[PDB]
J.: 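Quick one: the structure is below, questions incoming.
Positions are given from 1 along the sequence. We count ligands from 1, going down the list as the structure has it; atoms in each ligand are counted the same way.
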Amino acid sequence: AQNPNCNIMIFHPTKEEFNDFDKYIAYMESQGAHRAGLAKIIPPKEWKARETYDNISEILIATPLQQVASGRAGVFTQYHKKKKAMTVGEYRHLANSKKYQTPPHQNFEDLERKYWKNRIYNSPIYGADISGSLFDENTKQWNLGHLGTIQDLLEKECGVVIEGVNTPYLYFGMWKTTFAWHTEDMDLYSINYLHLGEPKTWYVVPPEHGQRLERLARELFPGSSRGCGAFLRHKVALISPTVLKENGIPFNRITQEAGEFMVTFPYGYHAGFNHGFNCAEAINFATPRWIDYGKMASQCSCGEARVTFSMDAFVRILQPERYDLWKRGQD
Ligand SMILES: O=C(O)CNC(=O)C(=O)O
Ligand SMILES: [Mg+2]
Ligand code: NI
Ligand SMILES: [Zn+2]
């Protein structure tokens, strides 16, 4: 069995290997990359996402979200307070302001220490989940706006035609902006490209151990757990690496830099934070190996999680027994 310790692997495809996306994901899994829950893909040196980022300031962040924490430094929740719209240019200025800028630090490890010590005492502002793409239309390889759709995959594998579309999202981050412990909708894969700016640190639990994380989460967030049997789907809970280690939860960590892709694999719980002003693009996708995960994905039916139009058909076809209760949660 490849990669039995579930380490995060880093891949360096050649330009030729970068042509066929599906093939390369299949290659990565042949070498055991999925066991980690997360992989890093460094594009060939010949490749570019687009010519420059000089013209992005007029993009609008319609609903910036201020991320307010409650709890203790290593175990906390966050809620998203809606703020007034601003442009990417206005947002970058805010990120670079004294109130929000990255502090002086020695290296990534120092900055990680400062993040876990001090995150709860600030409320950074995140531009998340903005429908759109920064890939040039002429970029033919690993263009996140031109991937095969999840609906087509399900069609190809299972023969059923379904409604729905699948498009990318832009994330504009600053220091301390945070992504809570989660798996993807329907335990899908995700792919994330860091277009520009400061790094993003990731933490990930191997899919084969995700239930160990869930059991700890229920212990650490007991009221949340009583309200919903899948409350990690709410995407509000944070647990530090120090707390994971104290409770024996297997996990790994890696920092993503500008120009790099990260792939998250089905049922790979992940969480993380941004180092300073950045812009990432991400999209869910599927492979044939996903189908089994999709059939077994937990669902939030308490009403909090509230998700895209396109998840209806996934639940309807893969999880018909759950469908009625889950849709009541949606409505
Ligand atoms: O970048 C972020 O804030 C969150 N991204 C993801 O969780 C992902 O790509 O799966
Ligand atoms: Mg612009
Ligand atoms: Ni994710
Ligand atoms: Zn719920």
Side-chain angles (χ1 to χ4, degrees), residues 37-41 50 52-61 65 67 77-78 80 86-92 124-130 132-134 144 168-174 176-205 214 217-218 221 223-238 254-256 258 260-275 278-285 298-305 307 322 325-326 329-330:
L38 184 64
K40 177 180 290 195
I41 305 93
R50 64 179 303 110
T52 82
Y53 294 88
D54 289 343
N55 307 107
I56 69 170
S57 309
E58 317 304 309
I59 299 168
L60 187 72
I61 312 175
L65 304 174
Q67 297 186 298
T77 62
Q78 59 186 9
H80 291 167
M86 74 184 65
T87 62
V88 162
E90 285 170 338
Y91 180 91
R92 177 177 64 235
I125 293 159
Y126 206 1
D129 294 312
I130 295 157
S133 185
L134 291 172
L144 299 191
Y169 301 88
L170 302 176
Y171 299 80
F172 287 98
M174 64 169 67
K176 279 165 177 180
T177 57
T178 302
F179 55 108
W181 281 107
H182 68 281
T183 60
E184 305 305 306
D185 289 345
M186 220 67 188
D187 301 341
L188 289 157
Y189 296 65
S190 66
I191 184 165
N192 185 299
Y193 182 67
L194 192 53
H195 276 286
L196 63 99
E198 301 318 305
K200 188 187 294 293
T201 293
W202 303 71
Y203 304 93
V204 57
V205 176
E214 291 173 354
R218 289 193 307 270
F221 302 101
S224 295
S225 182
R226 281 187 292 278
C228 177
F231 75 89
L232 297 176
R233 301 276 171 214
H234 307 170
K235 312 200 297 201
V236 298
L238 279 300
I254 193 168
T255 299
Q256 181 190 20
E260 308 183 331
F261 290 92
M262 306 295 302
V263 166
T264 80
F265 294 84
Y267 195 62
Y269 273 103
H270 51 286
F273 63 92
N274 296 304
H275 292 205
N278 66 14
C279 172
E281 184 171 339
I283 198 174
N284 298 117
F285 74 92
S298 66
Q299 308 295 350
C300 166
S301 309
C302 83
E304 284 298 309
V307 302
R322 286 171 178 181
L325 185 62
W326 168 84
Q330 242 48 321

J.: Could you give the N/O to N/O pairs under 3.5 Å linking ligand 1 and the protein, each with its distance?
T.:
residue	atom	partner	partner atom	Å
ligand 1	1 (O)	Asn192	ND2	3.3
ligand 1	1 (O)	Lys200	NZ	2.9
ligand 1	3 (O)	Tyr126	OH	2.5
ligand 1	7 (O)	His182	NE2	3.1
ligand 1	7 (O)	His270	NE2	3.2
ligand 1	9 (O)	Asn192	ND2	3.1
ligand 1	10 (O)	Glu184	OE2	3.0
ligand 1	10 (O)	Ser190	OG	2.7
ligand 1	10 (O)	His270	NE2	3.0

J.: To 10 degrees, how wide is the angle SG (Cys302) to the Zn ion (ligand 4) to SG (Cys300)?
T.: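 Taking the Zn ion (ligand 4) as the apex, the two atoms subtend 110°.
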J.: When rounded to the nearest 0.5 angstrom, what distance separates CD in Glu281 from CG in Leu196?
T.: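 Interatomic distance, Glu281 CD to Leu196 CG, rounded to 0.5 Å: 11.0 Å.
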J.: In chain order, what residues pass the side chain to side chain contact (heavy atoms under 4.5 Å, CB included) check against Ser57, with sequence neighbours excluded?
T.: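 If we apply the side chain to side chain contact (heavy atoms under 4.5 Å, CB included) test to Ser57, skipping adjacent residues, the hits are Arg92.
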J.: Where is the tightest heavy-atom contact between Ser301 and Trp326, given as atom of each residue plus distance?
T.: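 That closest heavy-atom pairing would be OG-CA, 3.7 Å.
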J.: For the SG atom of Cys300 and the CD atom of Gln330, what is their distance to the nearest 0.5 Å?
T.: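 Those atoms lie 8.0 Å apart.
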J.: Report, as a single number, the protein N, O or S atoms less than 2.8 Å from the Mg ion (ligand 2).
T.: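 Under the 2.8 Å cut-off, the count stands at 1.
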J.: Thinking salt bridges, do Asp129 and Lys235 make one under a 4.0 Å N-O criterion?
T.: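 No.
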J.: Roughly how far, to the nearest 0.5 Å, is the OG1 atom of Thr255 from the CD atom of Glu198?
T.: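 Answer for the CD-OG1 pair, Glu198 versus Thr255, is 12.0 Å.
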J.: Looking only at N, O or S atoms, find the one in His234 nearest to the Zn ion (ligand 4) and name it.
T.: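 Going through the N, O and S atoms of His234 one by one, NE2 ends up nearest to the Zn ion (ligand 4).
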J.: List the residues meeting side chain to side chain contact (heavy atoms under 4.5 Å, CB included) with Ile130, not counting sequence neighbours, and say none if there are none.
T.: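 With neighbours one apart ignored, the set is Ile61, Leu170, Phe172.
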J.: Would you compute the distance between atom CG of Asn192 and atom CZ of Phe261 and round it to the nearest 0.5 angstrom?
T.: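 Going from CG on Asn192 over to CZ on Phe261, the span is 9.5 Å.
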J.: Less than 4.5 Å apart, side chain to side chain, heavy atoms only: is that true for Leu238 and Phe221?
T.: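 A side-chain contact under 4.5 Å is absent here.
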J.: According to the interplanar angle, ranging from 0 to 90°, do the rings of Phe273 and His275 count as parallel (below 30°), tilted (30 to 60°) or perpendicular (above 60°)?
T.: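 If you compare the ring of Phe273 with that of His275, the planes turn out parallel.
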